[PDB]
Each structure stands twice: as C-alpha cells, then as structure tokens.
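K.L.:
Provided herewith is a single structure, encoded as structure tokens, for subsequent inquiry.
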Amino acid sequence: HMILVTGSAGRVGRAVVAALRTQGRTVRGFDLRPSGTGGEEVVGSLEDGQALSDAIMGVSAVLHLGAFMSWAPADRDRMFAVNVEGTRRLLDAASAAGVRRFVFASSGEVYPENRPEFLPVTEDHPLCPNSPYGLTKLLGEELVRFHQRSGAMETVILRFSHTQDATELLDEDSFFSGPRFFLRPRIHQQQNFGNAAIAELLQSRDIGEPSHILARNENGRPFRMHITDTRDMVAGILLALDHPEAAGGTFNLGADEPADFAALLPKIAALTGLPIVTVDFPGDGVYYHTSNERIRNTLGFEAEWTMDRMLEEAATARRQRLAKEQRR
Amino acid sequence: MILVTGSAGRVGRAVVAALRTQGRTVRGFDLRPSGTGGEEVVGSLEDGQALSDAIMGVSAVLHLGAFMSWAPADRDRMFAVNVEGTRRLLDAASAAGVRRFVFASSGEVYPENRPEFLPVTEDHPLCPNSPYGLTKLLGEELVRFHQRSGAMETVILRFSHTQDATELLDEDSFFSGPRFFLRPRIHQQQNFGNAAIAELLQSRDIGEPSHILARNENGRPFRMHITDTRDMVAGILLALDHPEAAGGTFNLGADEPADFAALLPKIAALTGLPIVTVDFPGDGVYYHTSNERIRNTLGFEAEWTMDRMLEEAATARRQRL
Ligand SMILES: NC(=O)c1ccc[n+]([C@@H]2O[C@H](COP(=O)([O-])OP(=O)(O)OC[C@H]3O[C@@H](n4cnc5c(N)ncnc54)[C@H](O)[C@@H]3O)[C@@H](O)[C@H]2O)c1
Ligand SMILES: NC(=O)c1ccc[n+]([C@@H]2O[C@H](COP(=O)([O-])OP(=O)(O)OC[C@H]3O[C@@H](n4cnc5c(N)ncnc54)[C@H](O)[C@@H]3O)[C@@H](O)[C@H]2O)c1
Ligand SMILES: [Cl-]
Ligand SMILES: [Cl-]
C-alpha cells in the first residue's frame, strides 16, 4: 500500500500525513512546496504531467487536498489550471494506475454556504457556486462523479468546513482568524484585497486601541458559520479513506454546530481581555448551518473538538506567546 | 454584431448563412475558414489573442465551436477547447458587455445513451458517461455561473444529434455512413480500434454492400433523435432573439426519435440496398427526448420530418451516383 496526499504542506494535508505516519502507514506527499517534515514527498505542481506521473507511481489510494485559492483576477487562470485541469489529470492517472480509492477535498462554496436556500445545508442542497473558487470545486466534483460512475476506482467527495488549527483562533497574525476576530487585522486584510468601502468602514469603527470585531450583517444579524478543528477534519478524512461505506459517497465534513458570533465573541473577549467593536456589514452577511448528519450516520463520524475546547487551547497558546513577548 | 464560434462547422455555417441572408451583422470564429469569404476569425478558442479579436464590438455570442474525439491522445485538447475555451470566451464576452450568450450543449450531458427515465426532460439528472459529455456538462456549469452572477443573458441548448439532410444516404458521411451502411461502419470501428466489434460486423457482410439495422443484444432496434440542421438553426435563432429564452435551458431537436426498425426499410426503399440486421452486445441506444419546453416557451416548431429529410437525401444520392 501507499497513500498519496496532495496538498501535504497545507493545513489539513500536513495533519493528515502526520496522522497516517503515526499509524506507520506508507505515505507520499505531493505539494508545490516542501512540507518541512522531511517525509517522502514529491515537491512539484499538479499542473505538471511529469510530477503527476512520479507522484502516482505505486500508489493505492489518493487523498486529493491540493488546490489553489486567490481573489486576484490575475490568478484566476492558475486557479482553474490547478483545481480543474490538475484534478482531471490526477483522476485519470490514478485510475490508469489502478488506485483503489480517490478522496476529493471539496468545499461548502459549491452550494454556496454564503448564500443558502435553506438551513441546515444538506448534501442535496443545490450546487450553485457564486465565487470562482466555488466554481472550480464544483467542476472538480463533476470530474470525480464521472470516475465514480465509470471505473473500478472508488471515489469519496468531502465538502470541507472552514478549518483552523485551534491555536490560530486567537492569533492576530493568522491568515483567517486574525481578520475574523480582530478589527485591525481585518482593516489590513480588506485594504490589501482592495475593498476600500469595507476597509474605510472598519477604520471608522476603530476605538483607538486594538479590539475584537463582532461581524453582523446589514440588519444587525450576527455572523454564523462552521469553524472546524483540523483534528476533526483529519479524523473524517481517515474515515473516508478506510471505511467501506464511504465508497461512492458525498459528505459534508465539519463539526456539528456553527459558531454563533454573538455568543462566540464575548467568550473570545473573556480570554483575551480585548474590547469588542460590533460592525454591521452591507449585504446578507455570513449565516449558515451545515448538516453533517450523513457522515455521522454513514461512517460513524463524531467531532470531538467543540469550540469551547478549541478556545481553551487557543488561549493557552496566546498566553504563552504574550509571556514570551513580555519576558514573563 | 453577432459572433458565431464553430462557424465553419455543420450547424455554425448554417446559422451564419441564415443570419447573413437576413442582413444581420455576423462575425465567424473557427479553426478553419468557412470558404464563404465572409467576415470571420480563423483561429482557436485556446488562443487569448483570437478571443480578444473575435469579441470586439460583439453584442451576442452563439457558441457552437467545440472539439470531439474518442481517442485518449485527443482528450487534453477536447478539455482545452470545450472547457477552458468556453470559460475564457464567457469571461471575454461578459467583460465586453455582450447582451446574450447562447451555448451549444449536448444530450450527452444526461446521457441520452443511458437514460434514467423517458422521455428525457431538462430536469433529467446530468450524469455524462463520455469524456465529451463531461466537457459539455462542465461548459454548462460555466454558463450557469455567468447566468447567476452577471448581467449577460445566457441560453443553454442541448442539441439533438444533427445532420444535413444530404448526409443521411451518403456512405462517406462521418456519422450517417456508419450509422446506416455496414461497410462504412466496419471501417469506422476499425479506425477506432474496436477490432472485435469490427470483426462481428465483418462476419455479417453478405458479399455486397448493404445497410445495417442496429439492434441491441436482445434485438431491440436502436431509437434516437436525428434532427435536420435547418430545424436546429431555427431553434438557435429563437434562442438569440426570443425574450423568454433568457436564463433558459432547452432540449433542441425534433419531436420524435427515429426507430431504426421503421427507418431502415424506408432507407432501403430509396437506395435499393439489402439490409443486414446486427444485434450488438449490450443495451444499445434507445431514447426519446422531450422538446416540450422549447415548443411551449419559444414557439419552436420542428418542420423537417424524417420523411422530408430522406426525400432530400435520396435526391442528393441520385445526383451523386
Ligand atoms: N482550510 C479551510 O478552511 C478549507 C475550507 C474548505 C475547503 N478547503 C479545501 O480543503 C483543501 C485543504 O484545505 P487547507 O486549509 O489545508 O488548504 P491550504 O491552502 O492550507 O493548503 C493547500 C495546499 O495546496 C498546495 N498547492 C497549491 N497549488 C498546488 C499545485 N499546483 N500543486 C501541488 N500543490 C499545490 C499548496 O501549496 C498548499 O500547501 C483544499 O482543497 C481547500 O481548498 C479548505
Ligand atoms: N452535430 C451533432 O450531432 C451534435 C450533437 C450534440 C452536440 N453538438 C454540438 O453542437 C455544436 C455544433 O456541432 P456541429 O455539428 O456543427 O459540429 P462540427 O464538428 O461540424 O463543427 C464544430 C466546429 O468547431 C470548430 N472548432 C473546433 N475546435 C476549435 C477551436 N479550438 N477554436 C475554434 N473553433 C474550433 C471546428 O473547426 C468545427 O468547424 C458543437 O458544439 C457540437 O459539439 C453537435
Ligand atoms: Cl467573517
Ligand atoms: Cl448507431
């Protein structure tokens, strides 16, 4: 046996590789960057046929987590090249090599979660993406479904929750959680995205010291979304790899309940000591519940990392960081 | 200015001809010249430069250009032309302020060759089983993304298999030759590398040229829609012009499929050739596709019955002979 994990230098991919190696399993990574773990890995691109053939040699299962995201139109061609064409060729190569199971990392942006037709969002919700990234994942799902119906290779489609390492949650410098929960990092993120109207609104709400942000929509409805610990995503991915009943399946993978920002921000602020600034953003905002009932019932998935557990760990990490910075 | 991609192909050249006869302003776009001398870009959907030149000053796009191949060596190109080319053309059209974009899709998106229910309606699941069918499904999703997101109107037309009337009784035509004549079908299957099917067909040869009546392994005659190019052109004009086509998805083709057990004797009555009946391994082809939506929404009326098509095909055959 040999398991190929693409995107093995990324958040989830590295954790999946690590888990498999603690099991003593033979794993090969495949990522544009080295992982820095010094494990067996191809350092190369999903765009390159040579890298694909090298990566697939002798492989019995593929966990396809490698993908590219960008908001810049300059990068859109690359996003389709990596996410659509790369997935297409990797699927064909895996099938030709007699791979037994191919697990595809999809996203709730295929629905999209940011514009649900009903709640909770189940796997049979329409697939009507409104972002180019969501569109690439939908096209990827269709490539996977084509193989599911036509070859001996088993497939699993997993629609990922937004995923964080617990320690990222209370780190101003984290890529997602910094702007998600801290006002000044969000000002900076929005400026760098070039969203001037939002950036200026955020700056206008600054209270003269660092603060948390509690994001709500134009009607003052607090944001709500699934934030899932990397460790639970890993557990579900391992189930997708090994469980008999995963074959041919499509599953939302994420924690049971969304974080309600109205409840969550006070809990966060109780841990950091920072004041909270509430901002009403234009539009519907982010407000979704995504059902993980199918994966719970079909594969026996159970998430263990509740937001309360994640926050406790995030806080410990933050305090260690601040102790070091302040020489305490 | 109407841009028609695939303008040197079967349906595209006819659409361009129809629009030009009406006195409309049309620009072609195809890998090949049309041979008509009309305004056209000779170039590729894979070429960003060619896309830029083709889209300039354009107000509507009829996107009929695409590549089909059964060979694995050709699969990368099929995806590059049908998926990536469509993606970039859509983006170019949208940015240029194109008012309506009509996309030529296929019954292969369903697929018609393995229906879940009959007749096949637009809400039939989309589960293609050929790489070509897959490229058209992905193209449809690209169009749907634009339909939902931009001001550019879209129309998706799922095409019936389409023939010029004259092709039907021509042994040398690409589709109808093998479809209805035994020896051309042997040659086709040989050139595809389907050596064992070619051998079955060869074993049925009666020592002179013959028609083939294709059935499945249980002797169920094949049944499929074969629509005249002229009816497809009529439907495409409606997709271009009709206010109610906007945001629509329509099966485009004639009302009824041809059942080959009925069709082949009609064909043989016109050519004089004997008929050889072949029972192919597997489920064969058997489908009815509903055009009710386009009939009732756009006022589409198919006019070229198979009998009319065959009369024209026979006349053309007789002139050739
Ligand atoms: N983390 C999330 O919140 C989240 C949510 C929904 C979906 N997803 C999807 O789940 C998967 C993994 O999530 P993640 O957080 O670990 O993503 P990540 O961005 O942290 O990791 C992605 C990895 O893919 C690699 N990659 C990019 N282009 C490549 C190429 N051409 N060839 C080889 N590798 C390439 C990157 O180098 C990167 O290491 C991705 O497909 C992602 O799109 C993630
Ligand atoms: N004829 C049918 O039975 C049928 C059935 C279902 C769907 N379709 C689809 O309807 C459309 C019209 O079909 P047709 O019968 O006219 O086919 P066709 O093969 O006669 O015409 C296709 C044209 O597309 C052009 N083309 C190919 N690659 C190109 C590229 N990279 N750039 C620019 N042009 C390119 C070709 O040169 C050709 O002229 C096609 O999209 C086809 O896939 C046709
Ligand atoms: Cl947010
Ligand atoms: Cl046939």
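So you can find residues: chains in the structure tokens are A, B, ... in the order shown, residues in each start at 1, and ligands are numbered from 1 in order.
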Could you build a table of the residues in chain A lying no more than 7 Å from ligand 1, giving for each the nearest pair of atoms and their separation in Å rounded to one decimal place, using only C-alpha atoms and all ligand atoms, ordered by chain and ascending residue number, as a Markdown table?
P.N.:
```
| residue | atom | partner | partner_atom_place_in_ligand_line | distance |
| --- | --- | --- | --- | --- |
| A:6 | CA | ligand 1 | 34 (N) | 6.2 |
| A:7 | CA | ligand 1 | 24 (O) | 3.8 |
| A:8 | CA | ligand 1 | 39 (O) | 6.0 |
| A:9 | CA | ligand 1 | 39 (O) | 4.2 |
| A:10 | CA | ligand 1 | 21 (O) | 3.3 |
| A:11 | CA | ligand 1 | 16 (O) | 3.6 |
| A:12 | CA | ligand 1 | 16 (O) | 3.7 |
| A:13 | CA | ligand 1 | 16 (O) | 5.3 |
| A:30 | CA | ligand 1 | 33 (C) | 5.9 |
| A:31 | CA | ligand 1 | 34 (N) | 3.6 |
| A:32 | CA | ligand 1 | 33 (C) | 4.2 |
| A:33 | CA | ligand 1 | 37 (O) | 5.4 |
| A:44 | CA | ligand 1 | 33 (C) | 5.9 |
| A:45 | CA | ligand 1 | 32 (N) | 3.5 |
| A:46 | CA | ligand 1 | 32 (N) | 3.9 |
| A:47 | CA | ligand 1 | 31 (N) | 5.5 |
| A:65 | CA | ligand 1 | 41 (O) | 4.4 |
| A:66 | CA | ligand 1 | 24 (O) | 3.6 |
| A:67 | CA | ligand 1 | 24 (O) | 4.4 |
| A:68 | CA | ligand 1 | 27 (C) | 4.5 |
| A:69 | CA | ligand 1 | 43 (O) | 6.7 |
| A:82 | CA | ligand 1 | 31 (N) | 5.0 |
| A:105 | CA | ligand 1 | 41 (O) | 5.1 |
| A:106 | CA | ligand 1 | 7 (C) | 5.8 |
| A:107 | CA | ligand 1 | 7 (C) | 4.1 |
| A:108 | CA | ligand 1 | 6 (C) | 6.3 |
| A:159 | CA | ligand 1 | 7 (C) | 6.8 |
| A:160 | CA | ligand 1 | 6 (C) | 4.4 |
| A:161 | CA | ligand 1 | 5 (C) | 5.1 |
| A:162 | CA | ligand 1 | 3 (O) | 3.2 |
| A:163 | CA | ligand 1 | 3 (O) | 3.8 |
| A:164 | CA | ligand 1 | 1 (N) | 6.2 |
```
K.L.:
Can you work out which residues from chain B touch chain A at a cut-off of 8 Å (counting only C-alpha atoms) and hand them back as a PyMOL selection string?
P.N.:
chain B and resi 127-129+134+138+141-142+145+148-149
K.L.:
Emit the selected residues as a compact mmCIF listing (two decimals), in the first residue's frame, including N, CA and C atoms.
P.N.:
```txt
# COMPACT_ATOMS: atom_id res chain seq x y z
N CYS B 127 -25.60 13.15 -15.74
CA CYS B 127 -24.57 12.18 -15.38
C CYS B 127 -23.87 11.61 -16.61
N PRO B 128 -23.09 12.44 -17.32
CA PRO B 128 -22.45 12.01 -18.57
C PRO B 128 -21.54 10.79 -18.37
N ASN B 129 -21.49 9.91 -19.36
CA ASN B 129 -20.60 8.75 -19.31
C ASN B 129 -19.52 8.75 -20.40
N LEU B 134 -18.90 14.90 -20.58
CA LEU B 134 -18.35 15.58 -19.41
C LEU B 134 -17.92 17.01 -19.75
N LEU B 138 -19.44 20.42 -17.95
CA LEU B 138 -18.62 21.44 -17.30
C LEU B 138 -18.86 22.79 -17.97
N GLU B 141 -21.99 24.28 -16.64
CA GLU B 141 -21.79 24.86 -15.31
C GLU B 141 -21.10 26.22 -15.38
N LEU B 142 -20.17 26.38 -16.31
CA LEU B 142 -19.55 27.68 -16.54
C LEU B 142 -20.61 28.68 -16.98
N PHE B 145 -22.86 29.65 -14.09
CA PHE B 145 -22.16 30.56 -13.18
C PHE B 145 -22.35 31.99 -13.65
N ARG B 148 -26.15 33.26 -13.25
CA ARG B 148 -26.48 33.71 -11.90
C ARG B 148 -25.77 35.00 -11.49
N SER B 149 -24.58 35.23 -12.04
CA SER B 149 -23.68 36.24 -11.47
C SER B 149 -23.59 37.57 -12.22
```
K.L.:
Name all residues at most 10 Å from residue 275 in chain A (count only C-alpha atoms; drop same-chain ones fewer than 4 positions away) and give them as an MDAnalysis selection string.
P.N.:
chainID A and resid 182 207 209:213 265:266 269:270
K.L.:
Please save C-alpha atoms of the selected residues as a PDB file, in the first residue's frame.
P.N.:
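Final output, part27.pdb:
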```pdb
ATOM      1  CA  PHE A 182      -9.653  41.172  15.386  1.00  0.00           C
ATOM      2  CA  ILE A 207     -11.709  52.721  19.081  1.00  0.00           C
ATOM      3  CA  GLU A 209      -6.772  50.605  20.774  1.00  0.00           C
ATOM      4  CA  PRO A 210      -6.756  47.047  19.434  1.00  0.00           C
ATOM      5  CA  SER A 211     -10.185  45.406  19.591  1.00  0.00           C
ATOM      6  CA  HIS A 212     -12.132  42.324  18.601  1.00  0.00           C
ATOM      7  CA  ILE A 213     -14.688  42.623  15.850  1.00  0.00           C
ATOM      8  CA  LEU A 265     -17.117  36.970  20.632  1.00  0.00           C
ATOM      9  CA  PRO A 266     -17.876  37.514  24.329  1.00  0.00           C
ATOM     10  CA  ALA A 269     -13.002  38.553  24.700  1.00  0.00           C
ATOM     11  CA  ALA A 270     -13.203  36.872  28.111  1.00  0.00           C
TER      12      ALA A 270
END
```
K.L.:
Output the neighbourhood of ligand 4 as number ranges by chain, that is, all protein and nucleic acid residues with some atom at most 12 Å from the ligand, counting only C-alpha atoms and all ligand atoms.
P.N.:
B: 113, 161, 174-182, 184-185, 188-189, 211-216, 221-226, 258-260, 264, 278-280, 284-286
K.L.:
For chain A versus ligand 3, which residues have an atom no more than 10 Å away, and what is each residue's nearest atom pair and distance in Å rounded to one decimal, using only C-alpha atoms and all ligand atoms, chain-then-number order, as JSON lines?
P.N.:
```
{"residue": "A:176", "atom": "CA", "partner": "ligand 3", "partner_atom_place_in_ligand_line": "1 (Cl)", "distance": 8.6}
{"residue": "A:177", "atom": "CA", "partner": "ligand 3", "partner_atom_place_in_ligand_line": "1 (Cl)", "distance": 8.6}
{"residue": "A:179", "atom": "CA", "partner": "ligand 3", "partner_atom_place_in_ligand_line": "1 (Cl)", "distance": 7.5}
{"residue": "A:180", "atom": "CA", "partner": "ligand 3", "partner_atom_place_in_ligand_line": "1 (Cl)", "distance": 4.8}
{"residue": "A:181", "atom": "CA", "partner": "ligand 3", "partner_atom_place_in_ligand_line": "1 (Cl)", "distance": 7.7}
{"residue": "A:186", "atom": "CA", "partner": "ligand 3", "partner_atom_place_in_ligand_line": "1 (Cl)", "distance": 9.1}
{"residue": "A:213", "atom": "CA", "partner": "ligand 3", "partner_atom_place_in_ligand_line": "1 (Cl)", "distance": 9.2}
{"residue": "A:214", "atom": "CA", "partner": "ligand 3", "partner_atom_place_in_ligand_line": "1 (Cl)", "distance": 8.6}
{"residue": "A:215", "atom": "CA", "partner": "ligand 3", "partner_atom_place_in_ligand_line": "1 (Cl)", "distance": 6.3}
{"residue": "A:216", "atom": "CA", "partner": "ligand 3", "partner_atom_place_in_ligand_line": "1 (Cl)", "distance": 8.6}
{"residue": "A:222", "atom": "CA", "partner": "ligand 3", "partner_atom_place_in_ligand_line": "1 (Cl)", "distance": 9.9}
{"residue": "A:223", "atom": "CA", "partner": "ligand 3", "partner_atom_place_in_ligand_line": "1 (Cl)", "distance": 6.9}
{"residue": "A:224", "atom": "CA", "partner": "ligand 3", "partner_atom_place_in_ligand_line": "1 (Cl)", "distance": 8.5}
{"residue": "A:225", "atom": "CA", "partner": "ligand 3", "partner_atom_place_in_ligand_line": "1 (Cl)", "distance": 8.4}
{"residue": "A:261", "atom": "CA", "partner": "ligand 3", "partner_atom_place_in_ligand_line": "1 (Cl)", "distance": 9.0}
{"residue": "A:281", "atom": "CA", "partner": "ligand 3", "partner_atom_place_in_ligand_line": "1 (Cl)", "distance": 9.9}
{"residue": "A:285", "atom": "CA", "partner": "ligand 3", "partner_atom_place_in_ligand_line": "1 (Cl)", "distance": 8.2}
{"residue": "A:286", "atom": "CA", "partner": "ligand 3", "partner_atom_place_in_ligand_line": "1 (Cl)", "distance": 6.9}
{"residue": "A:287", "atom": "CA", "partner": "ligand 3", "partner_atom_place_in_ligand_line": "1 (Cl)", "distance": 9.8}
```
K.L.:
Would you mind exporting C-alpha atoms of the selected residues as a PDB file, in the first residue's frame?
P.N.:
```
ATOM      1  CA  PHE A 176      -8.196  33.659   8.518  1.00  0.00           C
ATOM      2  CA  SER A 177      -8.814  34.018  12.262  1.00  0.00           C
ATOM      3  CA  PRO A 179      -9.251  39.213  10.383  1.00  0.00           C
ATOM      4  CA  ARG A 180     -12.219  37.088  11.521  1.00  0.00           C
ATOM      5  CA  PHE A 181     -11.960  38.141  15.152  1.00  0.00           C
ATOM      6  CA  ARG A 186      -9.400  42.869   9.276  1.00  0.00           C
ATOM      7  CA  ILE A 213     -14.688  42.623  15.850  1.00  0.00           C
ATOM      8  CA  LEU A 214     -18.169  41.129  16.072  1.00  0.00           C
ATOM      9  CA  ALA A 215     -19.340  40.927  12.487  1.00  0.00           C
ATOM     10  CA  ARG A 216     -23.037  41.257  11.741  1.00  0.00           C
ATOM     11  CA  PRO A 222     -24.584  38.298  13.873  1.00  0.00           C
ATOM     12  CA  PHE A 223     -22.500  36.089  11.568  1.00  0.00           C
ATOM     13  CA  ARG A 224     -22.798  32.330  11.939  1.00  0.00           C
ATOM     14  CA  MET A 225     -20.562  29.717  10.286  1.00  0.00           C
ATOM     15  CA  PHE A 261     -20.648  35.168  16.591  1.00  0.00           C
ATOM     16  CA  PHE A 281     -21.567  44.899   7.092  1.00  0.00           C
ATOM     17  CA  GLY A 285     -23.516  38.601   5.731  1.00  0.00           C
ATOM     18  CA  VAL A 286     -22.439  35.070   6.586  1.00  0.00           C
ATOM     19  CA  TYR A 287     -25.149  32.937   8.224  1.00  0.00           C
TER      20      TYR A 287
END
```
K.L.:
Step by step, measure atom-to-atom distances between ligand 2 and each residue using only C-alpha atoms and all ligand atoms, keep those at most 8 Å, then write them as a ChimeraX atom specification.
P.N.:
/B:5-13,29-32,42-47,63-68,80-82,85,104-108,136,158-163,226
K.L.:
Keeping only C-alpha atoms, take the residues you just selected and write them out as a compact mmCIF listing (two decimals), in the first residue's frame.
P.N.:
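Contents of again.txt, as written:
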```
# COMPACT_ATOMS: atom_id res chain seq x y z
CA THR B 5 -17.99 30.26 -32.98
CA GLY B 6 -17.74 26.99 -34.87
CA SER B 7 -18.86 28.92 -37.95
CA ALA B 8 -17.15 26.55 -40.39
CA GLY B 9 -18.90 23.52 -38.86
CA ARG B 10 -22.21 21.85 -39.78
CA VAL B 11 -24.55 23.89 -37.62
CA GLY B 12 -22.43 27.03 -37.37
CA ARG B 13 -22.07 27.61 -41.11
CA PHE B 29 -14.73 32.30 -35.45
CA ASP B 30 -13.34 28.85 -36.23
CA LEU B 31 -10.03 27.00 -36.54
CA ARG B 32 -10.87 26.70 -40.25
CA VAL B 42 -9.52 31.94 -38.49
CA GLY B 43 -8.03 30.88 -35.18
CA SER B 44 -8.50 28.97 -31.96
CA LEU B 45 -10.64 29.19 -28.83
CA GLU B 46 -7.43 28.21 -26.99
CA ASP B 47 -5.86 31.49 -28.13
CA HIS B 63 -21.06 29.46 -29.05
CA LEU B 64 -21.09 26.41 -31.27
CA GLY B 65 -17.36 25.72 -31.63
CA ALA B 66 -16.13 22.57 -29.90
CA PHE B 67 -13.92 19.55 -30.42
CA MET B 68 -14.95 15.91 -30.21
CA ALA B 80 -8.79 22.72 -23.53
CA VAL B 81 -11.20 23.66 -26.31
CA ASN B 82 -14.52 22.73 -24.76
CA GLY B 85 -12.02 27.80 -24.19
CA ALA B 104 -24.44 24.65 -27.67
CA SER B 105 -24.60 21.71 -25.29
CA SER B 106 -25.48 18.06 -25.97
CA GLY B 107 -27.83 15.28 -24.96
CA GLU B 108 -24.60 13.56 -23.88
CA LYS B 136 -20.34 19.80 -22.17
CA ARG B 158 -28.90 20.70 -25.53
CA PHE B 159 -28.54 19.62 -29.15
CA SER B 160 -30.03 16.55 -30.74
CA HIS B 161 -27.70 14.65 -33.00
CA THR B 162 -27.83 16.87 -36.07
CA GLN B 163 -27.34 16.10 -39.79
CA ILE B 226 -31.79 12.74 -35.72
```
K.L.:
Which residue gives the smallest distance to residue 318 in chain A among A:268, A:184, A:83, A:262, with only C-alpha atoms counted?
P.N.:
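Under the stated criterion, the closest residue is A:268.
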K.L.:
Would you pick out the contacts of residue 315 in chain A at 10 Å or less, using only C-alpha atoms, so that residues sharing its chain but fewer than 6 positions from it are not included, and give the list as a list in words?
P.N.:
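Near residue 315 in chain A, the qualifying residues are residues 166, 167, 168, 169, 170, 171, 268, 270, 271, 272 and 321 of chain A.
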K.L.:
I need the residues of range 66-311 of chain A that end up classed as alpha helix (DSSP H) by DSSP on the backbone, written out as a PyMOL selection string.
P.N.:
chain A and resi 76-80+86-96+132-150+177-181+183-192+196-204+230-242+261-272+293-299+307-311
K.L.:
From range 7-219 of chain B, collect each residue whose DSSP state is strand (DSSP E) and return the set as an MDAnalysis selection string.
P.N.:
chainID B and resid 26:30 40:42 60:63 100:106 153:159 161:163 211:215
K.L.:
Compile the contact shell of residue 190 in chain B as a compact mmCIF listing (two decimals) with N, CA and C atoms, in the first residue's frame: residues with an atom at most 12 Å away, counting only C-alpha atoms, same-chain residues fewer than 5 positions apart removed.
P.N.:
```txt
# COMPACT_ATOMS: atom_id res chain seq x y z
N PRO B 178 -21.57 5.30 -41.29
CA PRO B 178 -21.51 4.15 -40.39
C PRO B 178 -22.85 3.82 -39.75
N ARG B 183 -20.56 -1.57 -44.42
CA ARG B 183 -19.12 -1.47 -44.68
C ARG B 183 -18.48 -0.18 -44.15
N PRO B 184 -19.14 0.98 -44.34
CA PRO B 184 -18.60 2.17 -43.69
C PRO B 184 -18.51 2.02 -42.16
N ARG B 185 -19.43 1.28 -41.55
CA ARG B 185 -19.40 1.05 -40.11
C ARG B 185 -18.22 0.15 -39.72
N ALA B 195 -11.51 -3.54 -32.68
CA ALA B 195 -11.25 -4.64 -33.60
C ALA B 195 -12.26 -5.78 -33.50
N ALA B 196 -12.69 -6.09 -32.29
CA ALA B 196 -13.61 -7.19 -32.07
C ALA B 196 -15.04 -6.90 -32.55
N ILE B 197 -15.46 -5.64 -32.45
CA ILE B 197 -16.76 -5.24 -33.00
C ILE B 197 -16.68 -5.20 -34.52
N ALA B 198 -15.57 -4.69 -35.04
CA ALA B 198 -15.34 -4.69 -36.48
C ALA B 198 -15.45 -6.10 -37.06
N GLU B 199 -14.93 -7.07 -36.32
CA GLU B 199 -14.98 -8.47 -36.72
C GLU B 199 -16.41 -9.03 -36.71
N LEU B 200 -17.20 -8.65 -35.71
CA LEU B 200 -18.61 -9.04 -35.69
C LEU B 200 -19.31 -8.52 -36.94
N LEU B 201 -19.14 -7.22 -37.20
CA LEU B 201 -19.75 -6.60 -38.37
C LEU B 201 -19.31 -7.29 -39.66
N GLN B 202 -18.01 -7.53 -39.79
CA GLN B 202 -17.45 -8.23 -40.95
C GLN B 202 -18.09 -9.61 -41.15
```
K.L.:
Near residue 289 in chain A, counting only C-alpha atoms, which residues have an atom at most 8 Å away, once you skip same-chain residues fewer than 6 positions from it, shown as a list in words?
P.N.:
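That gives residues 119, 120, 121, 224, 225, 226, 257 and 258 of chain A.
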K.L.:
Residues at most 9 Å from residue 236 in chain A, counting only C-alpha atoms, excluding those fewer than 3 positions away in the same chain, as a ChimeraX atom specification?
P.N.:
/A:158,231-233,239-241,253-254,295,299,301-303
K.L.:
Please save N, CA, C and O atoms of the selected residues as a short mmCIF file (atom, residue, chain, number, x, y, z; two decimals), in the first residue's frame.
P.N.:
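See again39.cif below for the written result:
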```cif
data_model
loop_
_atom_site.label_atom_id
_atom_site.label_comp_id
_atom_site.auth_asym_id
_atom_site.auth_seq_id
_atom_site.Cartn_x
_atom_site.Cartn_y
_atom_site.Cartn_z
N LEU A 158 -15.72 14.90 -0.16
CA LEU A 158 -15.90 15.51 1.16
C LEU A 158 -15.97 17.03 1.01
O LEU A 158 -15.02 17.64 0.52
N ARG A 231 -8.01 18.74 13.55
CA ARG A 231 -8.02 17.37 14.06
C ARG A 231 -9.30 16.60 13.75
O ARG A 231 -9.26 15.40 13.54
N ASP A 232 -10.45 17.27 13.75
CA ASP A 232 -11.70 16.59 13.41
C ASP A 232 -11.76 16.36 11.90
O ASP A 232 -12.31 15.35 11.44
N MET A 233 -11.22 17.29 11.13
CA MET A 233 -11.20 17.11 9.67
C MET A 233 -10.36 15.89 9.33
O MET A 233 -10.75 15.06 8.50
N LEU A 239 -11.60 8.34 7.96
CA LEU A 239 -12.79 7.51 7.77
C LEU A 239 -13.10 7.40 6.29
O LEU A 239 -13.41 6.31 5.79
N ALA A 240 -13.01 8.51 5.56
CA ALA A 240 -13.23 8.48 4.12
C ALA A 240 -12.28 7.52 3.42
O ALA A 240 -12.65 6.86 2.45
N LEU A 241 -11.04 7.45 3.90
CA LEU A 241 -10.01 6.60 3.30
C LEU A 241 -10.26 5.11 3.54
O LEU A 241 -10.06 4.30 2.64
N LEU A 253 -18.22 17.48 5.63
CA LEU A 253 -17.35 17.15 6.74
C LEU A 253 -17.06 18.41 7.53
O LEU A 253 -16.46 19.33 6.99
N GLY A 254 -17.51 18.44 8.79
CA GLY A 254 -17.32 19.59 9.67
C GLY A 254 -17.93 19.28 11.02
O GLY A 254 -18.53 18.23 11.20
N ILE A 295 -22.56 12.00 7.28
CA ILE A 295 -21.29 11.40 7.63
C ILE A 295 -21.30 10.79 9.05
O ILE A 295 -20.70 9.73 9.28
N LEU A 299 -20.68 6.88 8.39
CA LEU A 299 -19.31 6.47 8.68
C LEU A 299 -18.99 6.43 10.17
O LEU A 299 -17.87 6.07 10.56
N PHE A 301 -18.72 9.08 12.02
CA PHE A 301 -18.01 10.30 12.39
C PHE A 301 -18.58 10.93 13.66
O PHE A 301 -19.79 11.04 13.81
N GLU A 302 -17.70 11.36 14.55
CA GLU A 302 -18.11 12.22 15.67
C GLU A 302 -17.01 13.23 15.92
O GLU A 302 -15.87 12.86 16.18
N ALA A 303 -17.35 14.51 15.82
CA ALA A 303 -16.40 15.57 16.10
C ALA A 303 -16.14 15.63 17.60
O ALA A 303 -17.06 15.42 18.39
#
```
K.L.:
Restricting the calculation to only C-alpha atoms, which member of A:194, A:5, A:290, A:227 is positioned closest to residue 259 in chain A?
P.N.:
A:227
K.L.:
Of the candidates B:289, B:22, B:52, B:227, which one gets nearest to residue 168 in chain B if we count only C-alpha atoms?
P.N.:
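The closest residue to residue 168 in chain B is B:227.
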K.L.:
Grab the CA of residue 245 in chain B to CA of residue 297 in chain B distance for me, in Å with one decimal place.
P.N.:
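Distance between the two atoms: 7.6 Å.
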K.L.:
So the first atom is CA of residue 204 in chain A and the second is CA of residue 273 in chain A; what is the distance between them in Å, to one decimal place?
P.N.:
21.8 Å
K.L.:
Nearest residue to residue 76 in chain B out of A:235, A:54, A:92, A:15, using only C-alpha atoms?
P.N.:
A:92
